[PDB]
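Student: I have a structure here, written as structure tokens, and I will follow up with some questions on it.
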Amino acid sequence: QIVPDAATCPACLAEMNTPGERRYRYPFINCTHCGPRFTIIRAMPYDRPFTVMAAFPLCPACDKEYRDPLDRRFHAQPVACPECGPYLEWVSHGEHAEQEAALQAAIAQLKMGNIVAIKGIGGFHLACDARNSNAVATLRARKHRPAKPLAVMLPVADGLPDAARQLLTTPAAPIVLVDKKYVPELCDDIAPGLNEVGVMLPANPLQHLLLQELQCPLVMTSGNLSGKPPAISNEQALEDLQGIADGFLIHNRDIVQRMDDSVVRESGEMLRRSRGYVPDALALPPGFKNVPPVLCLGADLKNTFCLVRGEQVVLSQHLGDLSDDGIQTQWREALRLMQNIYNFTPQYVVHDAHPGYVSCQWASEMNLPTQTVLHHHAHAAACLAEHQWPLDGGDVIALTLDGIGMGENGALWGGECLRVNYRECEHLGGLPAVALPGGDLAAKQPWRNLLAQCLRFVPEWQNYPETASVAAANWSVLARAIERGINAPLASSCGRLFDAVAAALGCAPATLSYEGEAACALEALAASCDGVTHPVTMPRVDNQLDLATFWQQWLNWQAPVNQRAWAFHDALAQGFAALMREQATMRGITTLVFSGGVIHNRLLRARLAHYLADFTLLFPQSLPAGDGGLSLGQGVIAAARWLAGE
Ligand SMILES: Nc1ncnc2c1ncn2[C@@H]1O[C@H](COP(=O)(O)OP(=O)(O)O)[C@@H](O)[C@H]1O
Ligand SMILES: Nc1ncnc2c1ncn2[C@@H]1O[C@H](COP(=O)(O)OP(=O)(O)O)[C@@H](O)[C@H]1O
Ligand SMILES: [Mg+2]
Ligand SMILES: [Zn+2]
Ligand SMILES: [Zn+2]
Ligand SMILES: [Zn+2]
């Protein structure tokens with residue numbers, strides 16, 4: 001079996017740090033228990049000739065170890081030493097170095113506050129001293145990344161909570177989100193406006209060498225360009241990062257698969273599932289057996305595909321945005337190797353119901369029967385599957401909160417109450433559908449959503465201080481477009497409602513630099529409030545939330561901004577809980593499901609759980625609540641359909 005890429009083990013670390021060992025300070029040390037796996041395999045079987053390491057014939061000493069059944073490096077396929085293996089290369093504006101001198105040049109650059117691109121297991125990172133305000137500002141400037149939080153690598157996990165240390169030190173070695181109070185060494189520009197920082201430990205030998213020497217936290221963020229697939233070759237990294245890195249610490253061992261760092265919360269909640277988890281399979285729920293080979297294409301954003309067969313499923317790594325130029329290359333390579341590893345040939349392909357998706361174009365090219373699943377149905381089913389809900393387990397009431405997904409009859413959904421089982425999805429109610437003014441711009445400029453909300457629900461909205469910048473603009477042209485339905489489609493979007501509230505509070509830039517920025521800012525603000533007595537509500541009118549009442553109460557409830565933010569989360573949670581309670585109780589349903597990327601909001605989850613203690617509650621945990629989990633949901637629905645003989 002092939003296991004996921006694994007953090008350097010204690011024994012290899014000990015060996016690398018022992019003067020006199022053949023592998024002393026050798027940056028590519030590995031053994032049967034650790035090192036790259038998926039990222040170095042060209043084809044099955046797992047054997048050196050079909051790995052990236054085929055072009056580095058073993059010296060006699062390595063060969064003896066590789067062939068000795070009692071040795072820790074027995075059949076360690078990518079094993080090497082300084083005499084036979086890959087080596088470091090340093091490149092910086094006409095300067096060049098190799099091996100230990102390459103490492104030392106990179107260290108000198110980091111110490112001096114410069115930015116260096118570093119080759120990792122699954123791509124390249126950009127690094128700098130995370131304490132150094134100037135370096136971090138320069139990185140942000142050069143990368144055109146004014147706000148999005150930066151991952152940091154710490155030399156050790158000392159001082160972090162037990163739960164965080166546990167996760168950090170696993171073979172998966174994920175980025176773990178922790179409260180920034182635990183890491184005071186980090187400059188304020190690491191995660192501005194947020195309450196958490198993503199921290200990670202060195203997990204390959206080169207990272208251990210660097211952190212051992214540097215003894216300080218380092219930014220360790222992905223080395224790519226917005227809109228472009230990440231580099232896995234030296235040549236692409238050199239091209240992509242030329243304006244950004246001051247120098248390049250690279251090497252001649254090929255990476256053949258894109259494999260980003262995984263991201264989890266200290267709580268264990270999975271956000272991004274890549275390095276260290278892929279290509280591990282997962283068991284399907286009770287009742288799923290003898291399932292035909294189904295390829296599930298997942299979603300256009302934060303993509304993963306799924307292979308379903310028999311009684312198991314295997315998810316791909318994070319493959320990013322499918323609309324990005326040239327992203328299909330890494331996607332197809334991932335699919336090639338996954339199919340090879342599992343001897344898998346699909347007989348069916350499942351994809352999203354949105355006819356405009358890139359994935360839905362790709363599906364049309366496969367010469368296989370195709371079928372669709374509604375976006376929000378797949379979110380709900382993915383949560384059911386992770387909780388091992390049996391095939392015949394019965395209906396649940398589901399709350400699916402996100403940005404936008406296509407619902408029934410071409411409606412744009414994003415804040416819905418649904419009656420759900422693996423075969424069926426009935427829409428019951430939710431947020432009212434409100435125009436997205438300027439289409440794609442509405443996710444980029446929170447004020448557009450505040451305008452759309454005000455036009456629908458707020459008498460004399462121009463008179464409120466919250467709406468001042470919108471009021472001062474010639475907003476009437478946009479209001480005319482909205483009335484005429486010109487690039488202003490209606491969407492019942494929970495993400496856009498967050499943005500409207502963030503716009504009203506002023507807690508985000510007028511134009512965002514990354515998706516979800518306003519929502520995360522609003523949550524971070526609300527989280528600093530420990531709870532408050534407040535009059536804000538979202539009453540139920542028929543099967544929808546009454547946002548006219550909400551805005552009237554919220555706009556007229558003056559309080560510190562953190563309390564206003566908290567009141568919004570609390571009112572939204574109470575309103576959705578009342579809708580779900582009515583729908584479930586009158587259907588004899590005792591279990592509620594929650595999914596969609598908005599459910600990554602910890603405060604909203606906490607308030608929902610507070611209001612719904614009279615039900616069994618299922619929240620996502622080992623798979624992302626957002627689009628990274630979508631393909632699993634598609635897979636279980638397709639399987640359930642097939643098992644019913646549909
Ligand atoms: N402080 C943080 N809060 C939330 N997410 C974070 C944080 N730091 C890193 N991340 C995660 O990292 C991913 C961002 O990708 P990228 O732009 O490559 O940044 P990086 O490589 O620094 O993680 C997101 O999925 C996000 O979940
Ligand atoms: N902390 C948060 N609070 C509220 N909403 C959030 C938060 N984090 C992300 N979101 C929203 O969830 C969306 C991602 O949801 P997801 O289901 O992954 O994608 P999609 O909208 O494409 O279906 C983000 O674009 C943003 O709208
Ligand atoms: Mg500390
Ligand atoms: Zn090892
Ligand atoms: Zn050797
Ligand atoms: Zn979604």
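Identifiers in the structure tokens: chain A, B, ... in order shown; residue index from 1 per chain; ligand index from 1 in order shown.
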Quick one: contact table of chain A to ligand 2, 6 Å max, nearest atom pair and distance in Å to one decimal per residue, counting only C-alpha atoms and all ligand atoms, chain and number order, as JSON lines?
Tutor:
{"residue": "A:301", "atom": "CA", "partner": "ligand 2", "partner_atom_place_in_ligand_line": "22 (O)", "distance": 6.0}
{"residue": "A:402", "atom": "CA", "partner": "ligand 2", "partner_atom_place_in_ligand_line": "15 (O)", "distance": 4.2}
{"residue": "A:403", "atom": "CA", "partner": "ligand 2", "partner_atom_place_in_ligand_line": "21 (O)", "distance": 3.1}
{"residue": "A:404", "atom": "CA", "partner": "ligand 2", "partner_atom_place_in_ligand_line": "21 (O)", "distance": 4.3}
{"residue": "A:405", "atom": "CA", "partner": "ligand 2", "partner_atom_place_in_ligand_line": "23 (O)", "distance": 5.2}
{"residue": "A:495", "atom": "CA", "partner": "ligand 2", "partner_atom_place_in_ligand_line": "27 (O)", "distance": 3.7}
{"residue": "A:515", "atom": "CA", "partner": "ligand 2", "partner_atom_place_in_ligand_line": "25 (O)", "distance": 5.3}
{"residue": "A:516", "atom": "CA", "partner": "ligand 2", "partner_atom_place_in_ligand_line": "26 (C)", "distance": 4.1}
{"residue": "A:519", "atom": "CA", "partner": "ligand 2", "partner_atom_place_in_ligand_line": "3 (N)", "distance": 4.6}
{"residue": "A:520", "atom": "CA", "partner": "ligand 2", "partner_atom_place_in_ligand_line": "1 (N)", "distance": 4.3}
{"residue": "A:523", "atom": "CA", "partner": "ligand 2", "partner_atom_place_in_ligand_line": "1 (N)", "distance": 5.6}
{"residue": "A:596", "atom": "CA", "partner": "ligand 2", "partner_atom_place_in_ligand_line": "17 (O)", "distance": 4.1}
{"residue": "A:597", "atom": "CA", "partner": "ligand 2", "partner_atom_place_in_ligand_line": "15 (O)", "distance": 3.2}
{"residue": "A:598", "atom": "CA", "partner": "ligand 2", "partner_atom_place_in_ligand_line": "5 (N)", "distance": 3.8}
{"residue": "A:600", "atom": "CA", "partner": "ligand 2", "partner_atom_place_in_ligand_line": "1 (N)", "distance": 5.7}
{"residue": "A:601", "atom": "CA", "partner": "ligand 2", "partner_atom_place_in_ligand_line": "1 (N)", "distance": 3.9}
{"residue": "A:626", "atom": "CA", "partner": "ligand 2", "partner_atom_place_in_ligand_line": "18 (O)", "distance": 3.3}
{"residue": "A:627", "atom": "CA", "partner": "ligand 2", "partner_atom_place_in_ligand_line": "18 (O)", "distance": 3.9}
Student: Neighbours of ligand 1 within 9 Å, counting only C-alpha atoms and all ligand atoms, as a ChimeraX atom specification?
Tutor: /A:125-126,145,148-152,175-180,190-192,194-199,219-224,226,260-265,271-272,302,520
Student: Output C-alpha atoms for every residue in the selection just made, as a CSV table (one decimal), in the first residue's frame.
Tutor:
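Result went into result20.csv, see below:
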chain,number,residue,atom,x,y,z
A,125,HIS,CA,7.5,28.0,-0.1
A,126,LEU,CA,8.4,31.6,0.3
A,145,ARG,CA,-1.2,40.0,-0.6
A,148,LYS,CA,-4.5,37.1,3.6
A,149,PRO,CA,-2.9,35.3,6.7
A,150,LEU,CA,0.6,33.8,6.3
A,151,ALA,CA,1.5,30.3,7.6
A,152,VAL,CA,4.5,30.2,9.9
A,175,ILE,CA,-0.5,23.6,9.6
A,176,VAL,CA,-2.5,24.0,12.8
A,177,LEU,CA,-4.5,27.1,13.6
A,178,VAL,CA,-3.9,28.3,17.1
A,179,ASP,CA,-4.8,31.5,19.1
A,180,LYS,CA,-2.3,34.2,18.3
A,190,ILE,CA,1.2,37.7,10.0
A,191,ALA,CA,-2.6,37.4,10.4
A,192,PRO,CA,-3.9,41.0,10.6
A,194,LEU,CA,-7.8,37.7,12.7
A,195,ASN,CA,-7.5,35.9,16.1
A,196,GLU,CA,-5.6,32.8,14.9
A,197,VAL,CA,-2.3,32.0,13.3
A,198,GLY,CA,-1.5,28.9,11.3
A,199,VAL,CA,1.7,27.3,12.7
A,219,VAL,CA,6.9,32.7,7.3
A,220,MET,CA,6.5,29.6,5.2
A,221,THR,CA,3.7,30.4,2.7
A,222,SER,CA,3.0,28.8,-0.7
A,223,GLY,CA,5.2,29.8,-3.6
A,224,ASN,CA,2.8,30.7,-6.3
A,226,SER,CA,-2.7,34.2,-7.7
A,260,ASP,CA,0.0,21.6,-0.5
A,261,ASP,CA,0.4,21.7,3.3
A,262,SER,CA,-2.7,20.4,5.1
A,263,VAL,CA,-4.6,22.9,7.4
A,264,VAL,CA,-6.5,21.9,10.5
A,265,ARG,CA,-7.7,23.7,13.6
A,271,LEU,CA,-9.9,22.8,6.6
A,272,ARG,CA,-7.6,21.6,3.8
A,302,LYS,CA,-11.1,24.4,-3.5
A,520,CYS,CA,-13.6,36.1,8.6
Student: Determine the nearest neighbour of ligand 3 from the options A:542, A:129, A:47, A:185, counting only C-alpha atoms and all ligand atoms.
Tutor: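 Looking only at the distances to ligand 3, the closest residue turns out to be A:185.
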Student: Tell me which protein, DNA and RNA residues are within 12 Å of residue A:170, counting only C-alpha atoms, leaving out same-chain ones fewer than 4 positions away, and put them as a ChimeraX atom specification.
Tutor: /A:4-10,34,157,163-166,174-176,200-203,262,275-277
Student: Using only C-alpha atoms and all ligand atoms, which protein or nucleic acid residues are at most 9 Å from ligand 5, as a PDB file with N, CA and C atoms, in the first residue's frame?
Tutor:
ATOM      1  N   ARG A  22      27.353   8.935   7.806  1.00  0.00           N
ATOM      2  CA  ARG A  22      27.403   9.184   6.351  1.00  0.00           C
ATOM      3  C   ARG A  22      26.351  10.212   5.918  1.00  0.00           C
ATOM      4  N   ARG A  23      25.199  10.197   6.591  1.00  0.00           N
ATOM      5  CA  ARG A  23      24.109  11.102   6.258  1.00  0.00           C
ATOM      6  C   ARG A  23      24.063  12.344   7.149  1.00  0.00           C
ATOM      7  N   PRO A  57      21.422   6.160  -9.051  1.00  0.00           N
ATOM      8  CA  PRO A  57      21.821   4.812  -8.611  1.00  0.00           C
ATOM      9  C   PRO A  57      22.511   4.824  -7.243  1.00  0.00           C
ATOM     10  N   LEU A  58      22.154   3.860  -6.400  1.00  0.00           N
ATOM     11  CA  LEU A  58      22.640   3.804  -5.027  1.00  0.00           C
ATOM     12  C   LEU A  58      24.126   3.459  -4.962  1.00  0.00           C
ATOM     13  N   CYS A  59      24.863   4.145  -4.085  1.00  0.00           N
ATOM     14  CA  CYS A  59      26.244   3.750  -3.764  1.00  0.00           C
ATOM     15  C   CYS A  59      26.201   2.396  -3.035  1.00  0.00           C
ATOM     16  N   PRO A  60      27.353   1.696  -2.910  1.00  0.00           N
ATOM     17  CA  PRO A  60      27.343   0.400  -2.220  1.00  0.00           C
ATOM     18  C   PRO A  60      26.775   0.418  -0.796  1.00  0.00           C
ATOM     19  N   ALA A  61      27.072   1.460  -0.025  1.00  0.00           N
ATOM     20  CA  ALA A  61      26.640   1.495   1.373  1.00  0.00           C
ATOM     21  C   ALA A  61      25.118   1.637   1.500  1.00  0.00           C
ATOM     22  N   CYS A  62      24.531   2.469   0.635  1.00  0.00           N
ATOM     23  CA  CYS A  62      23.094   2.677   0.616  1.00  0.00           C
ATOM     24  C   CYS A  62      22.413   1.419   0.105  1.00  0.00           C
ATOM     25  N   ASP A  63      23.024   0.794  -0.890  1.00  0.00           N
ATOM     26  CA  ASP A  63      22.466  -0.416  -1.460  1.00  0.00           C
ATOM     27  C   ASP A  63      22.380  -1.559  -0.435  1.00  0.00           C
ATOM     28  N   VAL A  79      15.563   6.318  -0.784  1.00  0.00           N
ATOM     29  CA  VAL A  79      16.762   6.445   0.062  1.00  0.00           C
ATOM     30  C   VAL A  79      17.973   7.008  -0.701  1.00  0.00           C
ATOM     31  N   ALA A  80      18.815   7.762  -0.003  1.00  0.00           N
ATOM     32  CA  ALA A  80      20.017   8.305  -0.597  1.00  0.00           C
ATOM     33  C   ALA A  80      21.017   8.782   0.467  1.00  0.00           C
ATOM     34  N   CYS A  81      22.235   9.082   0.041  1.00  0.00           N
ATOM     35  CA  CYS A  81      23.202   9.759   0.910  1.00  0.00           C
ATOM     36  C   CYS A  81      23.931  10.818   0.075  1.00  0.00           C
ATOM     37  N   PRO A  82      24.806  11.628   0.706  1.00  0.00           N
ATOM     38  CA  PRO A  82      25.527  12.652  -0.073  1.00  0.00           C
ATOM     39  C   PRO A  82      26.300  12.117  -1.285  1.00  0.00           C
ATOM     40  N   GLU A  83      26.783  10.878  -1.206  1.00  0.00           N
ATOM     41  CA  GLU A  83      27.588  10.295  -2.297  1.00  0.00           C
ATOM     42  C   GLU A  83      26.777   9.884  -3.518  1.00  0.00           C
ATOM     43  N   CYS A  84      25.496   9.561  -3.326  1.00  0.00           N
ATOM     44  CA  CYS A  84      24.698   9.054  -4.451  1.00  0.00           C
ATOM     45  C   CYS A  84      23.418   9.809  -4.748  1.00  0.00           C
ATOM     46  N   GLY A  85      23.011  10.706  -3.857  1.00  0.00           N
ATOM     47  CA  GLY A  85      21.683  11.296  -3.971  1.00  0.00           C
ATOM     48  C   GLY A  85      21.640  12.719  -4.488  1.00  0.00           C
TER      49      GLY A  85
END
Student: Env of residue A:120: 12 Å cut, atoms = only C-alpha atoms, seq-sep filter 2 positions within chain, self excluded. Answer as a PyMOL selection string.
Tutor: chain A and resi 5+7+27-28+35-36+39-40+88+117-118+122-127+202-208+220-223+231-234+237+248-255+257-261+275
Student: Using only C-alpha atoms and all ligand atoms, find each protein or nucleic acid residue lying at most 8 Å from ligand 3; present the set as a list in words.
Tutor: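 These are the residues that qualify: residues 158, 159, 160, 181, 182, 183 and 184 of chain A.
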Student: Can you pull out every residue from stretch 370-410 of chain A that DSSP, working from the backbone, puts in strand (DSSP E or B), and format the result as a PyMOL selection string?
Tutor: chain A and resi 370-373+396-406
Student: Report, in Å to a single decimal, how far apart atom CA of residue A:635 and atom CA of residue A:411 are.
Tutor: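 Interatomic distance here is 22.9 Å.
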Student: Give me the chain A side of the contact with ligand 6, cut-off 12 Å, one line per residue showing its nearest atom pair and distance in Å at one decimal, counting only C-alpha atoms and all ligand atoms, sorted by chain and residue number, as CSV.
Tutor:
residue,atom,partner,partner_atom_place_in_ligand_line,distance
A:298,CA,ligand 6,1 (Zn),10.2
A:299,CA,ligand 6,1 (Zn),7.9
A:300,CA,ligand 6,1 (Zn),9.7
A:301,CA,ligand 6,1 (Zn),8.6
A:302,CA,ligand 6,1 (Zn),9.6
A:303,CA,ligand 6,1 (Zn),10.8
A:352,CA,ligand 6,1 (Zn),10.7
A:354,CA,ligand 6,1 (Zn),11.9
A:374,CA,ligand 6,1 (Zn),10.2
A:375,CA,ligand 6,1 (Zn),6.5
A:376,CA,ligand 6,1 (Zn),6.7
A:377,CA,ligand 6,1 (Zn),9.9
A:378,CA,ligand 6,1 (Zn),8.8
A:379,CA,ligand 6,1 (Zn),6.8
A:380,CA,ligand 6,1 (Zn),10.1
A:382,CA,ligand 6,1 (Zn),11.4
A:399,CA,ligand 6,1 (Zn),11.8
A:400,CA,ligand 6,1 (Zn),8.1
A:401,CA,ligand 6,1 (Zn),7.5
A:402,CA,ligand 6,1 (Zn),5.2
A:403,CA,ligand 6,1 (Zn),6.4
A:404,CA,ligand 6,1 (Zn),6.4
A:405,CA,ligand 6,1 (Zn),6.0
A:406,CA,ligand 6,1 (Zn),9.4
A:407,CA,ligand 6,1 (Zn),11.0
A:412,CA,ligand 6,1 (Zn),11.2
A:413,CA,ligand 6,1 (Zn),9.3
A:414,CA,ligand 6,1 (Zn),7.5
A:415,CA,ligand 6,1 (Zn),10.1
A:416,CA,ligand 6,1 (Zn),11.5
A:493,CA,ligand 6,1 (Zn),10.4
A:494,CA,ligand 6,1 (Zn),10.7
A:495,CA,ligand 6,1 (Zn),10.0
A:594,CA,ligand 6,1 (Zn),11.9
A:595,CA,ligand 6,1 (Zn),8.3
A:596,CA,ligand 6,1 (Zn),4.9
A:597,CA,ligand 6,1 (Zn),5.8
A:598,CA,ligand 6,1 (Zn),8.5
A:599,CA,ligand 6,1 (Zn),10.1
A:600,CA,ligand 6,1 (Zn),11.4
A:624,CA,ligand 6,1 (Zn),10.4
A:625,CA,ligand 6,1 (Zn),8.3
A:626,CA,ligand 6,1 (Zn),5.4
A:627,CA,ligand 6,1 (Zn),4.9
A:628,CA,ligand 6,1 (Zn),8.7
A:629,CA,ligand 6,1 (Zn),9.0
A:630,CA,ligand 6,1 (Zn),7.5
A:631,CA,ligand 6,1 (Zn),11.0
A:633,CA,ligand 6,1 (Zn),11.3
Student: Grab the residues selected above and save them as a short mmCIF file (atom, residue, chain, number, x, y, z; two decimals), in the first residue's frame with N, CA and C atoms.
Tutor:
data_model
loop_
_atom_site.label_atom_id
_atom_site.label_comp_id
_atom_site.auth_asym_id
_atom_site.auth_seq_id
_atom_site.Cartn_x
_atom_site.Cartn_y
_atom_site.Cartn_z
N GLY A 298 -16.37 16.97 -7.98
CA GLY A 298 -16.31 17.94 -6.88
C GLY A 298 -16.76 19.31 -7.36
N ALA A 299 -16.15 20.36 -6.82
CA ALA A 299 -16.65 21.70 -7.09
C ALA A 299 -15.60 22.51 -7.82
N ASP A 300 -16.00 23.65 -8.37
CA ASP A 300 -15.05 24.44 -9.16
C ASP A 300 -14.03 25.17 -8.30
N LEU A 301 -14.32 25.34 -7.02
CA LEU A 301 -13.43 26.05 -6.12
C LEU A 301 -12.93 25.08 -5.07
N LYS A 302 -11.70 25.27 -4.59
CA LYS A 302 -11.14 24.42 -3.54
C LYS A 302 -11.31 22.95 -3.92
N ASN A 303 -11.06 22.66 -5.20
CA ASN A 303 -11.44 21.36 -5.75
C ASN A 303 -10.77 20.15 -5.11
N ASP A 352 -21.38 18.59 -10.54
CA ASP A 352 -22.32 19.59 -10.01
C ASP A 352 -23.41 19.95 -11.04
N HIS A 354 -24.58 22.84 -11.69
CA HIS A 354 -24.37 24.16 -12.30
C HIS A 354 -23.84 23.98 -13.74
N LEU A 374 -27.12 18.30 -6.84
CA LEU A 374 -27.16 19.68 -6.37
C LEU A 374 -26.06 19.96 -5.35
N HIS A 375 -25.42 21.11 -5.50
CA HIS A 375 -24.31 21.55 -4.65
C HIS A 375 -24.62 21.35 -3.16
N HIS A 376 -25.75 21.88 -2.70
CA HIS A 376 -26.07 21.82 -1.28
C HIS A 376 -26.49 20.45 -0.79
N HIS A 377 -27.07 19.66 -1.69
CA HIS A 377 -27.31 18.26 -1.36
C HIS A 377 -25.98 17.52 -1.08
N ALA A 378 -24.98 17.73 -1.95
CA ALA A 378 -23.65 17.14 -1.76
C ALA A 378 -22.98 17.60 -0.46
N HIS A 379 -23.04 18.90 -0.13
CA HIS A 379 -22.57 19.34 1.20
C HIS A 379 -23.22 18.54 2.33
N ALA A 380 -24.55 18.46 2.33
CA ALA A 380 -25.25 17.75 3.41
C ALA A 380 -24.86 16.28 3.46
N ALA A 382 -22.18 14.83 2.40
CA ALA A 382 -20.79 14.64 2.82
C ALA A 382 -20.69 14.61 4.36
N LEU A 399 -28.98 22.21 7.25
CA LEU A 399 -28.77 23.65 7.05
C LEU A 399 -27.49 23.77 6.26
N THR A 400 -27.57 24.33 5.05
CA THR A 400 -26.39 24.39 4.19
C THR A 400 -26.13 25.86 3.92
N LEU A 401 -25.05 26.37 4.53
CA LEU A 401 -24.72 27.79 4.48
C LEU A 401 -23.40 28.01 3.75
N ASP A 402 -23.42 28.82 2.68
CA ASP A 402 -22.18 29.09 1.93
C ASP A 402 -22.27 30.36 1.13
N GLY A 403 -21.45 30.45 0.08
CA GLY A 403 -21.46 31.63 -0.79
C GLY A 403 -22.56 31.47 -1.82
N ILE A 404 -22.32 30.65 -2.84
CA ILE A 404 -23.29 30.42 -3.92
C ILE A 404 -23.11 29.01 -4.42
N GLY A 405 -24.23 28.33 -4.61
CA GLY A 405 -24.27 27.10 -5.38
C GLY A 405 -25.60 27.07 -6.09
N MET A 406 -25.63 26.42 -7.25
CA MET A 406 -26.87 26.32 -7.97
C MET A 406 -27.81 25.34 -7.31
N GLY A 407 -29.03 25.81 -7.09
CA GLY A 407 -30.07 25.00 -6.48
C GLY A 407 -31.02 24.47 -7.53
N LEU A 412 -30.09 30.39 -7.31
CA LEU A 412 -28.80 30.43 -6.65
C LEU A 412 -29.03 30.36 -5.16
N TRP A 413 -28.56 29.27 -4.56
CA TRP A 413 -28.74 29.04 -3.15
C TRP A 413 -27.48 29.35 -2.35
N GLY A 414 -27.62 29.47 -1.04
CA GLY A 414 -26.47 29.63 -0.17
C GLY A 414 -26.83 29.79 1.30
N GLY A 415 -28.06 29.46 1.66
CA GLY A 415 -28.50 29.66 3.04
C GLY A 415 -29.85 28.98 3.19
N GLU A 416 -29.84 27.64 3.13
CA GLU A 416 -31.07 26.87 2.94
C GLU A 416 -31.32 25.85 4.03
N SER A 493 -27.92 33.97 -0.27
CA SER A 493 -26.55 33.67 0.13
C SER A 493 -26.23 34.07 1.57
N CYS A 494 -25.87 33.09 2.40
CA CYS A 494 -25.46 33.40 3.76
C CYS A 494 -24.10 34.14 3.75
N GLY A 495 -23.22 33.80 2.80
CA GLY A 495 -21.93 34.49 2.71
C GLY A 495 -22.09 35.96 2.36
N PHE A 594 -25.35 20.01 9.38
CA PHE A 594 -24.88 21.39 9.08
C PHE A 594 -23.71 21.28 8.14
N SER A 595 -23.73 22.02 7.05
CA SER A 595 -22.60 21.98 6.12
C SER A 595 -22.55 23.24 5.26
N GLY A 596 -21.59 23.31 4.34
CA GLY A 596 -21.32 24.57 3.61
C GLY A 596 -20.17 25.33 4.27
N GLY A 597 -19.46 26.14 3.51
CA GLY A 597 -18.24 26.76 4.05
C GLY A 597 -18.49 27.74 5.20
N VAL A 598 -19.69 28.32 5.27
CA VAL A 598 -20.02 29.24 6.37
C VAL A 598 -19.98 28.49 7.72
N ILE A 599 -20.18 27.18 7.70
CA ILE A 599 -20.17 26.36 8.92
C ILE A 599 -18.76 26.19 9.50
N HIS A 600 -17.75 26.64 8.77
CA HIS A 600 -16.42 26.78 9.36
C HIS A 600 -16.39 27.87 10.44
N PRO A 624 -13.50 18.94 5.18
CA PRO A 624 -13.88 20.34 5.23
C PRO A 624 -15.39 20.53 5.08
N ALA A 625 -15.96 21.50 5.79
CA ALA A 625 -17.37 21.84 5.65
C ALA A 625 -17.62 22.47 4.26
N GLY A 626 -16.59 23.11 3.73
CA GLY A 626 -16.68 23.82 2.47
C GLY A 626 -16.50 22.90 1.25
N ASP A 627 -16.17 23.52 0.13
CA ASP A 627 -16.19 22.83 -1.15
C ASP A 627 -15.17 21.70 -1.26
N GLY A 628 -14.18 21.68 -0.37
CA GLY A 628 -13.16 20.59 -0.38
C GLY A 628 -13.79 19.23 -0.08
N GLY A 629 -14.98 19.24 0.52
CA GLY A 629 -15.68 17.97 0.85
C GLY A 629 -16.75 17.57 -0.15
N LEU A 630 -17.02 18.43 -1.12
CA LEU A 630 -18.17 18.26 -2.02
C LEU A 630 -18.17 16.94 -2.78
N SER A 631 -16.99 16.54 -3.26
CA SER A 631 -16.89 15.34 -4.08
C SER A 631 -17.33 14.09 -3.30
N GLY A 633 -19.68 13.95 -0.97
CA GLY A 633 -21.14 14.07 -1.01
C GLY A 633 -21.72 13.61 -2.34
#
Student: Which residue, A:570, A:614, A:21, A:466, has the smallest gap to residue A:585 when you use only C-alpha atoms?
Tutor: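 Result for the nearest residue to residue A:585: A:614.
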Student: From the list A:147, A:639, A:283, A:603, which residue is nearest residue A:511 when using only C-alpha atoms?
Tutor: A:147
Student: Could you pull out the helix (DSSP H, G or I) residues of stretch 289-354 of chain A from DSSP and send them as a PyMOL selection string?
Tutor: chain A and resi 327-341
Student: At a cut-off of 7 Å, using only C-alpha atoms, what residues contact stretch 355-362 of chain A? Leave out same-chain residues fewer than 6 positions from it and give the result as number ranges by chain.
Tutor: A: 297, 300, 322-323
Student: What does the file look like for those residues with C-alpha atoms, as a compact mmCIF listing (two decimals), in the first residue's frame?
Tutor:
# COMPACT_ATOMS: atom_id res chain seq x y z
CA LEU A 297 -15.58 15.84 -9.99
CA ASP A 300 -15.05 24.44 -9.16
CA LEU A 322 -10.68 24.95 -11.73
CA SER A 323 -11.14 28.24 -13.65
Student: Point out the residue among A:421, A:114, A:316, A:109 with the least atom-to-atom distance to residue A:394, counting only C-alpha atoms.
Tutor: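 Ranking A:421, A:114, A:316, A:109 by distance to residue A:394, first place goes to A:421.
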Student: Can you pull out the residues contacting residue A:478? Cut-off 10 Å, using only C-alpha atoms, and skip same-chain residues under 6 positions away; I want them as a list in words.
Tutor: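 What passes the distance filter is residues 437, 438, 448, 451, 452, 484, 486, 487 and 488 of chain A.
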Student: Hey, what's within 7 Å of residue A:396 if we count only C-alpha atoms and toss same-chain stuff fewer than 3 positions away? As a count of residues only, please?
Tutor: 7
Student: Looking at only C-alpha atoms and all ligand atoms, which of A:32, A:563, A:445, A:1 is the one that sits closest to ligand 4?
Tutor: A:32
Student: Pick from A:30, A:543, A:462, A:17: nearest to ligand 4, with only C-alpha atoms and all ligand atoms counted?
Tutor: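 Among A:30, A:543, A:462, A:17, it is A:30 that comes nearest to ligand 4.
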